[PDB]
């Protein structure tokens, strides 16, 4: 059960920047995003914990350079419990299977 | 009915941190989460009341240590009424039945 | 047409506490809850007006003891009009029929 | 087209109070409500314009007397255009046809 | 491709007033409304640009006289691009075809 | 992958103004919009990076000239990753294929 990383920002441009920087910085899979409310958006990624760590640093840096975006909150869980993956939207899916493989 | 615990924070990373810490700290089942609005998220758990208490303390501590997350509100109900379980999203489901058995 | 009681708080933990205290304090049926927006939640109950009054007092007290919850607004209508029950989500349903009977 | 009245408050208890007072005060039909966002709720009524006026005054008074509720905005349109009735949620429906006949 | 006008206010009563004033002031079609979030509502209309201009003035005046309503933002586009009409909800539909004809 | 541009404003009239100015200023395709919450709207465009840049400048100028609208945030990604296009709503669709061909 690979690590999960999650980041949230105000505004969609910021989450787009975060997502592109994250997948290019580490061997990770973007497994989903959330329209969280109040114009906040969440991005969730999976991979080896070191890859998630590097991607997260790059996603934070990308948001901070995006005009009008700000990092609100973020976390990395190295070994998420099966119950967590079953309930929260952080599991894999066929749409992202091509990018799990390369990862 | 087994006890129910509920915790709410601003932001999804905080509820993810709470969820993982809670299920690792006690013999509980995560039965659901809520996108509450205004970027707040709710997590609901079930189990024996002492296990829920231990899990809740671990969930609060996890949120406190998560950047940008704060505990907004929480509660533990030791013996929720059947009408409450039937109307509010705190009941078990097939998706979490493997974790109820392990917990139970 | 039995009385209707409605209470709203900030946060789901508060509405869970209110709902449990209300059904245990009076011979009432919880007929629904609303995700009202802005993290506010509504609970609606039905029963004899005296039972709704007692339940409401217990629901208010429960919210006030819940960490981080606050009562935003509440009302009791003793004899709601049929047009009100038809349009607003305060009618009974099969999911709650078991608890209407005992009530 | 019969007149339309619309009232909005913060919180569902307030719109419940307005709804009951309005239909009891005048020969009107409640045709719908809206979860408007930010915990605001809208109620829309129809009927003869004098009946809508009497109902609106009773709805405002009910909200004023409901704890935690305040009247945010309201309007009465005496003769709404057919294109308005067709696009906005202010038309009658089978669910309220028994109350339109009683009102009419 | 006829002009499009868009107006947004806080509260549904204001958008109802705007919509009625707009269709009565000009030879326009109301093509939709949006629950935009935060209790804001959008109204979108189409027609000859001069008709849209007159309707918009009447919709603004109607909102300003509605108790508790306020104009938040508005725009008129005289000749909207086909790509805009395809993506944004400002095109015609069967529900409003009767009122396009008269217009 | 062609470049992606994204812009966000408060209110729908502002995103309508941005959309029209953007597609008229550059060889771009509008691929979608988002009702982001809190009355904010997002517009997403695709095309060659120089065309996206020209369009973005025109979109910002349009929003600046629209009453009650302000540019809240925007970005341009020259070469978005395939996993980004597959998960976020920035890909082409049949609805806009006539405008992709004209743009391409």
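Note that the chains are named A, B, C, D, E and F in the order they appear, and that numbering of residues resets to 1 at the start of each chain.
Throughout what follows, a contact is a pair of C-beta atoms (placed from the backbone, for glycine too) under 8 Å apart; a residue touches a chain by one contact, two chains touch by 3 or more.
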| item | value |
| --- | --- |
| For chain B paired with chain F, centre-to-centre distance based on mean C-alpha positions, whole Å | 39 |
| Chain D-chain E separation of Cα centroids, rounded to whole Å | 22 |
| Residue list for chain E, restricted to those that touch at least two other chains | 37-38, 40 |
| Arrangement of touching chains [line / ring / star / complete / other] | ring |
| Ring order of chains, beginning at chain D and proceeding to chain E | D, E, F, A, B, C |
| Chain C-facing residues of chain D, complex | 10-17, 19-20, 23-24, 29-33, 35-41, 66-69, 95-96, 98-99 |
| Partner chain C, residues of chain B touching it in the complex | 4, 6-8, 34, 36-38, 40, 42, 44, 71-75, 77, 80-84, 86-88, 90 |
